[PDB]
>>> print(open('protein_19.pdb').read())   # PDB, C-alpha atoms and all ligand atoms
ATOM      1  CA  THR A   1     119.920 116.433 122.059  1.00  0.00           C
ATOM      2  CA  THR A   2     120.678 112.765 122.719  1.00  0.00           C
ATOM      3  CA  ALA A   3     119.634 111.349 126.091  1.00  0.00           C
ATOM      4  CA  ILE A   4     117.326 108.344 126.359  1.00  0.00           C
ATOM      5  CA  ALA A   5     117.799 107.494 122.687  1.00  0.00           C
ATOM      6  CA  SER A   6     121.477 106.669 123.230  1.00  0.00           C
ATOM      7  CA  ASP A   7     120.763 103.998 125.847  1.00  0.00           C
ATOM      8  CA  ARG A   8     118.158 102.260 123.686  1.00  0.00           C
ATOM      9  CA  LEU A   9     120.321 102.285 120.556  1.00  0.00           C
ATOM     10  CA  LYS A  10     123.530 101.741 122.532  1.00  0.00           C
ATOM     11  CA  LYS A  11     122.523  98.353 123.939  1.00  0.00           C
ATOM     12  CA  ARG A  12     121.096  97.261 120.580  1.00  0.00           C
ATOM     13  CA  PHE A  13     124.713  97.380 119.413  1.00  0.00           C
ATOM     14  CA  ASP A  14     126.226  95.160 122.107  1.00  0.00           C
ATOM     15  CA  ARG A  15     122.979  93.160 122.023  1.00  0.00           C
ATOM     16  CA  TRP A  16     123.873  91.764 118.599  1.00  0.00           C
ATOM     17  CA  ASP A  17     127.575  91.350 117.668  1.00  0.00           C
ATOM     18  CA  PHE A  18     127.294  87.787 116.369  1.00  0.00           C
ATOM     19  CA  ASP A  19     131.075  87.276 116.316  1.00  0.00           C
ATOM     20  CA  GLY A  20     131.870  90.176 118.641  1.00  0.00           C
ATOM     21  CA  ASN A  21     134.001  92.153 116.194  1.00  0.00           C
ATOM     22  CA  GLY A  22     132.731  95.518 117.417  1.00  0.00           C
ATOM     23  CA  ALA A  23     130.973  96.274 114.140  1.00  0.00           C
ATOM     24  CA  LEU A  24     128.044  95.284 111.933  1.00  0.00           C
ATOM     25  CA  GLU A  25     128.753  93.047 108.938  1.00  0.00           C
ATOM     26  CA  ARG A  26     126.605  91.174 106.420  1.00  0.00           C
ATOM     27  CA  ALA A  27     127.607  87.781 107.812  1.00  0.00           C
ATOM     28  CA  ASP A  28     125.925  88.953 111.018  1.00  0.00           C
ATOM     29  CA  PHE A  29     122.619  89.089 109.136  1.00  0.00           C
ATOM     30  CA  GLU A  30     122.978  85.567 107.732  1.00  0.00           C
ATOM     31  CA  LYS A  31     123.487  83.998 111.157  1.00  0.00           C
ATOM     32  CA  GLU A  32     120.495  85.937 112.465  1.00  0.00           C
ATOM     33  CA  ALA A  33     118.016  84.396 110.017  1.00  0.00           C
ATOM     34  CA  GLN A  34     119.484  80.965 110.736  1.00  0.00           C
ATOM     35  CA  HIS A  35     119.596  81.517 114.494  1.00  0.00           C
ATOM     36  CA  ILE A  36     115.906  82.419 114.195  1.00  0.00           C
ATOM     37  CA  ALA A  37     114.693  79.585 111.940  1.00  0.00           C
ATOM     38  CA  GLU A  38     115.943  77.172 114.610  1.00  0.00           C
ATOM     39  CA  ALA A  39     113.820  78.903 117.263  1.00  0.00           C
ATOM     40  CA  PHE A  40     110.757  77.726 115.325  1.00  0.00           C
ATOM     41  CA  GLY A  41     111.974  74.129 115.430  1.00  0.00           C
ATOM     42  CA  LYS A  42     112.111  73.493 111.701  1.00  0.00           C
ATOM     43  CA  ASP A  43     114.589  73.139 108.827  1.00  0.00           C
ATOM     44  CA  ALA A  44     117.763  75.171 108.278  1.00  0.00           C
ATOM     45  CA  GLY A  45     118.828  74.943 104.657  1.00  0.00           C
ATOM     46  CA  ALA A  46     115.236  74.733 103.419  1.00  0.00           C
ATOM     47  CA  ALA A  47     113.548  77.305 101.179  1.00  0.00           C
ATOM     48  CA  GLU A  48     111.679  79.359 103.785  1.00  0.00           C
ATOM     49  CA  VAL A  49     114.928  79.877 105.695  1.00  0.00           C
ATOM     50  CA  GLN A  50     117.009  80.466 102.572  1.00  0.00           C
ATOM     51  CA  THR A  51     114.439  83.057 101.508  1.00  0.00           C
ATOM     52  CA  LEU A  52     114.630  85.012 104.766  1.00  0.00           C
ATOM     53  CA  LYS A  53     118.441  84.931 104.813  1.00  0.00           C
ATOM     54  CA  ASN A  54     118.282  85.996 101.167  1.00  0.00           C
ATOM     55  CA  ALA A  55     116.275  89.074 102.145  1.00  0.00           C
ATOM     56  CA  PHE A  56     118.368  89.902 105.212  1.00  0.00           C
ATOM     57  CA  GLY A  57     121.324  90.055 102.843  1.00  0.00           C
ATOM     58  CA  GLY A  58     119.998  92.916 100.755  1.00  0.00           C
ATOM     59  CA  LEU A  59     119.191  94.790 103.961  1.00  0.00           C
ATOM     60  CA  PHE A  60     122.919  95.236 104.584  1.00  0.00           C
ATOM     61  CA  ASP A  61     123.306  96.765 101.113  1.00  0.00           C
ATOM     62  CA  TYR A  62     121.271  99.795 102.209  1.00  0.00           C
ATOM     63  CA  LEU A  63     123.563 100.196 105.221  1.00  0.00           C
ATOM     64  CA  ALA A  64     126.808 100.028 103.249  1.00  0.00           C
ATOM     65  CA  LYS A  65     125.349 102.442 100.701  1.00  0.00           C
ATOM     66  CA  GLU A  66     123.776 104.898 103.143  1.00  0.00           C
ATOM     67  CA  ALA A  67     126.768 104.618 105.478  1.00  0.00           C
ATOM     68  CA  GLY A  68     129.158 104.739 102.542  1.00  0.00           C
ATOM     69  CA  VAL A  69     131.400 101.804 103.443  1.00  0.00           C
ATOM     70  CA  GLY A  70     130.951  98.603 101.435  1.00  0.00           C
ATOM     71  CA  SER A  71     129.147  95.267 101.107  1.00  0.00           C
ATOM     72  CA  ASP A  72     132.135  93.742 102.917  1.00  0.00           C
ATOM     73  CA  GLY A  73     132.775  96.636 105.293  1.00  0.00           C
ATOM     74  CA  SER A  74     131.578  97.344 108.818  1.00  0.00           C
ATOM     75  CA  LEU A  75     129.617  99.988 110.713  1.00  0.00           C
ATOM     76  CA  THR A  76     130.506 101.355 114.153  1.00  0.00           C
ATOM     77  CA  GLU A  77     128.209 102.136 117.078  1.00  0.00           C
ATOM     78  CA  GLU A  78     128.282 105.882 116.474  1.00  0.00           C
ATOM     79  CA  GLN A  79     127.502 105.075 112.839  1.00  0.00           C
ATOM     80  CA  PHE A  80     124.504 102.907 113.701  1.00  0.00           C
ATOM     81  CA  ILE A  81     122.812 105.661 115.697  1.00  0.00           C
ATOM     82  CA  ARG A  82     123.464 108.312 113.041  1.00  0.00           C
ATOM     83  CA  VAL A  83     122.197 106.129 110.190  1.00  0.00           C
ATOM     84  CA  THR A  84     119.482 104.448 112.249  1.00  0.00           C
ATOM     85  CA  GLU A  85     118.107 107.825 113.295  1.00  0.00           C
ATOM     86  CA  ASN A  86     117.525 108.807 109.669  1.00  0.00           C
ATOM     87  CA  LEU A  87     115.927 105.422 108.998  1.00  0.00           C
ATOM     88  CA  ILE A  88     113.288 106.009 111.677  1.00  0.00           C
ATOM     89  CA  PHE A  89     112.902 109.716 110.920  1.00  0.00           C
ATOM     90  CA  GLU A  90     114.322 110.515 107.481  1.00  0.00           C
ATOM     91  CA  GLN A  91     113.961 108.168 104.515  1.00  0.00           C
ATOM     92  CA  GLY A  92     110.733 107.761 102.582  1.00  0.00           C
ATOM     93  CA  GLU A  93     107.816 105.636 103.771  1.00  0.00           C
ATOM     94  CA  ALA A  94     108.189 103.309 100.793  1.00  0.00           C
ATOM     95  CA  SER A  95     111.917 103.210 101.633  1.00  0.00           C
ATOM     96  CA  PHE A  96     111.511 101.226 104.852  1.00  0.00           C
ATOM     97  CA  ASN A  97     108.957  98.912 103.254  1.00  0.00           C
ATOM     98  CA  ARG A  98     111.192  98.449 100.211  1.00  0.00           C
ATOM     99  CA  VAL A  99     114.380  97.238 101.913  1.00  0.00           C
ATOM    100  CA  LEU A 100     112.778  95.852 105.070  1.00  0.00           C
ATOM    101  CA  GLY A 101     109.655  94.500 103.380  1.00  0.00           C
ATOM    102  CA  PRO A 102     111.453  91.366 102.057  1.00  0.00           C
ATOM    103  CA  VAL A 103     113.122  91.055 105.456  1.00  0.00           C
ATOM    104  CA  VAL A 104     109.999  91.083 107.612  1.00  0.00           C
ATOM    105  CA  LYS A 105     108.080  89.195 104.929  1.00  0.00           C
ATOM    106  CA  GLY A 106     110.398  86.181 104.984  1.00  0.00           C
ATOM    107  CA  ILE A 107     109.482  85.897 108.659  1.00  0.00           C
ATOM    108  CA  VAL A 108     105.741  86.020 107.979  1.00  0.00           C
ATOM    109  CA  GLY A 109     106.107  83.160 105.521  1.00  0.00           C
ATOM    110  CA  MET A 110     107.408  80.864 108.244  1.00  0.00           C
ATOM    111  CA  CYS A 111     104.939  82.360 110.733  1.00  0.00           C
ATOM    112  CA  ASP A 112     101.908  81.086 108.845  1.00  0.00           C
ATOM    113  CA  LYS A 113     100.825  77.476 108.343  1.00  0.00           C
ATOM    114  CA  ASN A 114      97.676  78.605 106.506  1.00  0.00           C
ATOM    115  CA  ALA A 115      99.409  80.696 103.832  1.00  0.00           C
ATOM    116  CA  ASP A 116      97.317  83.867 104.038  1.00  0.00           C
ATOM    117  CA  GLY A 117     100.113  86.443 104.166  1.00  0.00           C
ATOM    118  CA  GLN A 118      98.814  87.871 107.447  1.00  0.00           C
ATOM    119  CA  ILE A 119      99.688  87.604 111.141  1.00  0.00           C
ATOM    120  CA  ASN A 120      96.802  86.435 113.344  1.00  0.00           C
ATOM    121  CA  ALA A 121      96.922  86.685 117.148  1.00  0.00           C
ATOM    122  CA  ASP A 122      97.635  82.947 117.232  1.00  0.00           C
ATOM    123  CA  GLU A 123     100.481  83.563 114.786  1.00  0.00           C
ATOM    124  CA  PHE A 124     101.911  86.616 116.554  1.00  0.00           C
ATOM    125  CA  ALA A 125     101.950  84.851 119.918  1.00  0.00           C
ATOM    126  CA  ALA A 126     103.800  81.875 118.436  1.00  0.00           C
ATOM    127  CA  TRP A 127     106.601  84.251 117.401  1.00  0.00           C
ATOM    128  CA  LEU A 128     106.760  86.379 120.552  1.00  0.00           C
ATOM    129  CA  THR A 129     107.093  83.267 122.710  1.00  0.00           C
ATOM    130  CA  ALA A 130     109.664  81.954 120.240  1.00  0.00           C
ATOM    131  CA  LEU A 131     111.963  84.912 120.925  1.00  0.00           C
ATOM    132  CA  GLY A 132     111.485  84.646 124.687  1.00  0.00           C
ATOM    133  CA  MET A 133     108.236  86.500 125.364  1.00  0.00           C
ATOM    134  CA  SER A 134     105.502  85.397 127.761  1.00  0.00           C
ATOM    135  CA  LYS A 135     102.017  84.291 126.716  1.00  0.00           C
ATOM    136  CA  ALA A 136     100.621  87.446 128.313  1.00  0.00           C
ATOM    137  CA  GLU A 137     103.037  89.659 126.366  1.00  0.00           C
ATOM    138  CA  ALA A 138     101.849  88.513 122.937  1.00  0.00           C
ATOM    139  CA  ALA A 139      98.180  89.219 123.629  1.00  0.00           C
ATOM    140  CA  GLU A 140      99.139  92.721 124.779  1.00  0.00           C
ATOM    141  CA  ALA A 141     101.535  93.516 121.929  1.00  0.00           C
ATOM    142  CA  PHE A 142      99.050  92.215 119.370  1.00  0.00           C
ATOM    143  CA  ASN A 143      96.290  94.680 120.271  1.00  0.00           C
ATOM    144  CA  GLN A 144      98.833  97.523 120.338  1.00  0.00           C
ATOM    145  CA  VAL A 145      99.853  96.809 116.738  1.00  0.00           C
ATOM    146  CA  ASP A 146      96.365  96.356 115.263  1.00  0.00           C
ATOM    147  CA  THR A 147      96.103  99.980 114.094  1.00  0.00           C
ATOM    148  CA  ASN A 148      92.788  99.217 112.383  1.00  0.00           C
ATOM    149  CA  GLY A 149      91.429  97.088 115.232  1.00  0.00           C
ATOM    150  CA  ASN A 150      90.328  94.561 112.618  1.00  0.00           C
ATOM    151  CA  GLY A 151      91.820  91.556 114.398  1.00  0.00           C
ATOM    152  CA  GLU A 152      94.491  90.926 111.760  1.00  0.00           C
ATOM    153  CA  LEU A 153      98.109  92.094 111.633  1.00  0.00           C
ATOM    154  CA  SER A 154      99.194  92.688 108.037  1.00  0.00           C
ATOM    155  CA  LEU A 155     102.737  93.314 106.772  1.00  0.00           C
ATOM    156  CA  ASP A 156     101.932  97.030 106.936  1.00  0.00           C
ATOM    157  CA  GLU A 157     100.964  97.079 110.614  1.00  0.00           C
ATOM    158  CA  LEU A 158     103.907  94.742 111.254  1.00  0.00           C
ATOM    159  CA  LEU A 159     106.768  97.100 110.377  1.00  0.00           C
ATOM    160  CA  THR A 160     104.972  99.937 112.158  1.00  0.00           C
ATOM    161  CA  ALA A 161     105.065  98.133 115.499  1.00  0.00           C
ATOM    162  CA  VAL A 162     108.515  96.742 114.705  1.00  0.00           C
ATOM    163  CA  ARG A 163     110.374 100.028 114.217  1.00  0.00           C
ATOM    164  CA  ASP A 164     109.087 102.034 117.179  1.00  0.00           C
ATOM    165  CA  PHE A 165     111.469 101.499 120.098  1.00  0.00           C
ATOM    166  CA  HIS A 166     113.120 104.931 119.794  1.00  0.00           C
ATOM    167  CA  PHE A 167     110.837 106.767 122.221  1.00  0.00           C
ATOM    168  CA  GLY A 168     109.020 104.720 124.844  1.00  0.00           C
ATOM    169  CA  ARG A 169     109.323 101.174 123.510  1.00  0.00           C
ATOM    170  CA  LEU A 170     105.932  99.657 122.697  1.00  0.00           C
ATOM    171  CA  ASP A 171     106.578  96.387 120.863  1.00  0.00           C
ATOM    172  CA  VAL A 172     110.356  96.255 121.379  1.00  0.00           C
ATOM    173  CA  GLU A 173     111.022  95.784 117.660  1.00  0.00           C
ATOM    174  CA  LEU A 174     112.177  92.390 116.392  1.00  0.00           C
ATOM    175  CA  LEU A 175     114.770  91.693 119.092  1.00  0.00           C
ATOM    176  CA  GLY A 176     113.316  90.510 122.388  1.00  0.00           C
TER     177      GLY A 176
HETATM  178 CA    CA B 201     129.310  91.601 114.558  1.00  0.00          CA
HETATM  179 CA    CA B 202      98.111  83.695 108.521  1.00  0.00          CA
HETATM  180 CA    CA B 203      95.265  95.458 112.784  1.00  0.00          CA
END
>>> encode(input="protein_19.pdb", output="C-alpha cells")
Amino acid sequence: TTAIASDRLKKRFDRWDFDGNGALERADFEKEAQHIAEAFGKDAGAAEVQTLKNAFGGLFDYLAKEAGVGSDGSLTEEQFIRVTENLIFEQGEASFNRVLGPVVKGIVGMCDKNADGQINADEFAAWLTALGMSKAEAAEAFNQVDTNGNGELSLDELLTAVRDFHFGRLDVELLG
C-alpha cells in the first residue's frame, strides 16, 4: 500500500539525525528547540527557549511509550513510519493536541511580541522566513491554514496545517 508516503516520511528521517546515529533520541529534540531559538536571533538559555525545549522533551515520551522502547532508547526509520502513520490517522484528536500542544505552543510564545496567543500573517511570515521560506511562501501558506478565513491563525489551525504532509504536502509541516 506504501508508495508516495514512503518517500515523504523516508527523507524526514535522514532530514533530521542531529548526531547522525541512525535513530531518533530525546537529545535530538533538545537540540532542535535550541537550533530553532537561534534562528529568531534571541536568547538561548532564557525562559521562552527553556519552555519550548521543556515541551519537546515530553513529546519523546509518547514515542518511547507508543513505540515501546524507552525514554533513553531509539526509534528506527521503519518504526517512525509505522508509529507516525497512526499519529496522523489513528490516535484521538485530543491526543495530538495533548502531546504536541505544548510543543507547538512554545513556538507561538516566541512568535508573538504582542502576547495574544495567536499567529497573525505578520507573525507566520516571520517564522516561515526564519526556517528558510520566501516572503511569497508565507503569504500563500497563511491563507491555506486559515480554515475559518478570519485572518487569524490560532493554535488549533496551527497543528492542522502542520501535520498534513502525508498526501500532497500543503504547508510542509514544521521542517522547511
Ligand atoms: Ca539522531
Ligand atoms: Ca500574536
Ligand atoms: Ca484562520
>>> residues_around(input="protein_19.pdb", residues="residue 112 (chain A)", least_positions_apart="2", cutoff="12 Å", atoms="all atoms listed in the file", output="compact mmCIF listing (two decimals) with C-alpha atoms, in the frame of the given file")
# COMPACT_ATOMS: atom_id res chain seq x y z
CA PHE A 40 110.76 77.73 115.32
CA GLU A 48 111.68 79.36 103.78
CA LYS A 105 108.08 89.20 104.93
CA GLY A 106 110.40 86.18 104.98
CA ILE A 107 109.48 85.90 108.66
CA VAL A 108 105.74 86.02 107.98
CA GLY A 109 106.11 83.16 105.52
CA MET A 110 107.41 80.86 108.24
CA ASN A 114 97.68 78.60 106.51
CA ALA A 115 99.41 80.70 103.83
CA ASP A 116 97.32 83.87 104.04
CA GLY A 117 100.11 86.44 104.17
CA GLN A 118 98.81 87.87 107.45
CA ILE A 119 99.69 87.60 111.14
CA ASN A 120 96.80 86.44 113.34
CA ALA A 121 96.92 86.68 117.15
CA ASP A 122 97.64 82.95 117.23
CA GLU A 123 100.48 83.56 114.79
CA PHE A 124 101.91 86.62 116.55
CA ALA A 125 101.95 84.85 119.92
CA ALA A 126 103.80 81.88 118.44
CA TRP A 127 106.60 84.25 117.40
CA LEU A 153 98.11 92.09 111.63
CA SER A 154 99.19 92.69 108.04
>>> residues_around(input="protein_19.pdb", residues="residue 84 (chain A)", least_positions_apart="6", cutoff="10 Å", atoms="only C-alpha atoms", output="list in words")
residues 9, 63, 67, 78, 90 and 166 of chain A
>>> closest_atom_pairs(input="protein_19.pdb", of="chain A", to="ligand CA 201 (chain B)", cutoff="9 Å", atoms="all atoms listed in the file", output="JSON lines")
{"residue": "A:13", "atom": "CA", "partner": "B:CA201", "partner_atom": "CA", "distance": 8.8}
{"residue": "A:14", "atom": "CA", "partner": "B:CA201", "partner_atom": "CA", "distance": 8.9}
{"residue": "A:16", "atom": "CA", "partner": "B:CA201", "partner_atom": "CA", "distance": 6.8}
{"residue": "A:17", "atom": "CA", "partner": "B:CA201", "partner_atom": "CA", "distance": 3.6}
{"residue": "A:18", "atom": "CA", "partner": "B:CA201", "partner_atom": "CA", "distance": 4.7}
{"residue": "A:19", "atom": "CA", "partner": "B:CA201", "partner_atom": "CA", "distance": 5.0}
{"residue": "A:20", "atom": "CA", "partner": "B:CA201", "partner_atom": "CA", "distance": 5.0}
{"residue": "A:21", "atom": "CA", "partner": "B:CA201", "partner_atom": "CA", "distance": 5.0}
{"residue": "A:22", "atom": "CA", "partner": "B:CA201", "partner_atom": "CA", "distance": 5.9}
{"residue": "A:23", "atom": "CA", "partner": "B:CA201", "partner_atom": "CA", "distance": 5.0}
{"residue": "A:24", "atom": "CA", "partner": "B:CA201", "partner_atom": "CA", "distance": 4.7}
{"residue": "A:25", "atom": "CA", "partner": "B:CA201", "partner_atom": "CA", "distance": 5.8}
{"residue": "A:26", "atom": "CA", "partner": "B:CA201", "partner_atom": "CA", "distance": 8.6}
{"residue": "A:27", "atom": "CA", "partner": "B:CA201", "partner_atom": "CA", "distance": 7.9}
{"residue": "A:28", "atom": "CA", "partner": "B:CA201", "partner_atom": "CA", "distance": 5.6}
{"residue": "A:29", "atom": "CA", "partner": "B:CA201", "partner_atom": "CA", "distance": 9.0}
{"residue": "A:74", "atom": "CA", "partner": "B:CA201", "partner_atom": "CA", "distance": 8.4}
>>> closest_residue(input="protein_19.pdb", among="A:97, A:147, A:160, A:129", to="ligand CA 203 (chain B)", atoms="all atoms listed in the file")
A:147
>>> closest_residue(input="protein_19.pdb", among="A:111, A:88, A:2, A:82", to="ligand CA 202 (chain B)", atoms="only C-alpha atoms and all ligand atoms")
A:111
>>> resolve_selection(input="protein_19.pdb", expression="the PyMOL selection byres (((chain A and resi 53-55) around 7) and not hetatm)", output="mmCIF file with C-alpha atoms, in the coordinates of the input")
data_model
loop_
_atom_site.group_PDB
_atom_site.id
_atom_site.type_symbol
_atom_site.label_atom_id
_atom_site.label_comp_id
_atom_site.auth_asym_id
_atom_site.auth_seq_id
_atom_site.Cartn_x
_atom_site.Cartn_y
_atom_site.Cartn_z
ATOM 1 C CA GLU A 30 122.978 85.567 107.732
ATOM 2 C CA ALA A 33 118.016 84.396 110.017
ATOM 3 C CA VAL A 49 114.928 79.877 105.695
ATOM 4 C CA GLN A 50 117.009 80.466 102.572
ATOM 5 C CA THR A 51 114.439 83.057 101.508
ATOM 6 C CA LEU A 52 114.630 85.012 104.766
ATOM 7 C CA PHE A 56 118.368 89.902 105.212
ATOM 8 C CA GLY A 57 121.324 90.055 102.843
ATOM 9 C CA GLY A 58 119.998 92.916 100.755
ATOM 10 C CA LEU A 59 119.191 94.790 103.961
ATOM 11 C CA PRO A 102 111.453 91.366 102.057
ATOM 12 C CA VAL A 103 113.122 91.055 105.456
#
>>> resolve_selection(input="protein_19.pdb", expression="the PyMOL selection byres (((not hetatm)) within 7 of (chain B and resi 203))", output="list in words")
residues 145, 146, 147, 148, 149, 150, 151, 152, 153, 154 and 157 of chain A
>>> write_last_selection(input="protein_19.pdb", atoms="C-alpha atoms", output="PDB file, in the frame of the given file")
ATOM      1  CA  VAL A 145      99.853  96.809 116.738  1.00  0.00           C
ATOM      2  CA  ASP A 146      96.365  96.356 115.263  1.00  0.00           C
ATOM      3  CA  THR A 147      96.103  99.980 114.094  1.00  0.00           C
ATOM      4  CA  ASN A 148      92.788  99.217 112.383  1.00  0.00           C
ATOM      5  CA  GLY A 149      91.429  97.088 115.232  1.00  0.00           C
ATOM      6  CA  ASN A 150      90.328  94.561 112.618  1.00  0.00           C
ATOM      7  CA  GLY A 151      91.820  91.556 114.398  1.00  0.00           C
ATOM      8  CA  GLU A 152      94.491  90.926 111.760  1.00  0.00           C
ATOM      9  CA  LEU A 153      98.109  92.094 111.633  1.00  0.00           C
ATOM     10  CA  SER A 154      99.194  92.688 108.037  1.00  0.00           C
ATOM     11  CA  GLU A 157     100.964  97.079 110.614  1.00  0.00           C
TER      12      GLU A 157
END
>>> closest_residue(input="protein_19.pdb", among="A:163, A:113, A:69, A:31", to="ligand CA 202 (chain B)", atoms="all atoms listed in the file")
A:113
>>> axis_aligned_box(input="protein_19.pdb", around="region 144-160 of chain A", padding_each_side="3 Å", output="JSON")
{"center_x": 98.5, "center_y": 95.5, "center_z": 113.6, "size_x": 22.4, "size_y": 15.1, "size_z": 19.6}
>>> closest_residue(input="protein_19.pdb", among="A:155, A:170, A:36, A:162", to="ligand CA 202 (chain B)", atoms="all atoms listed in the file")
A:155
>>> atom_distance(input="protein_19.pdb", atom1="CA of residue 83 (chain A)", atom2="CA of residue 35 (chain A)")
25.1 Å
>>> atom_distance(input="protein_19.pdb", atom1="CA of residue 93 (chain A)", atom2="CA of residue 66 (chain A)")
16.0 Å
>>> atom_distance(input="protein_19.pdb", atom1="CA of residue 61 (chain A)", atom2="CA of residue 99 (chain A)")
9.0 Å
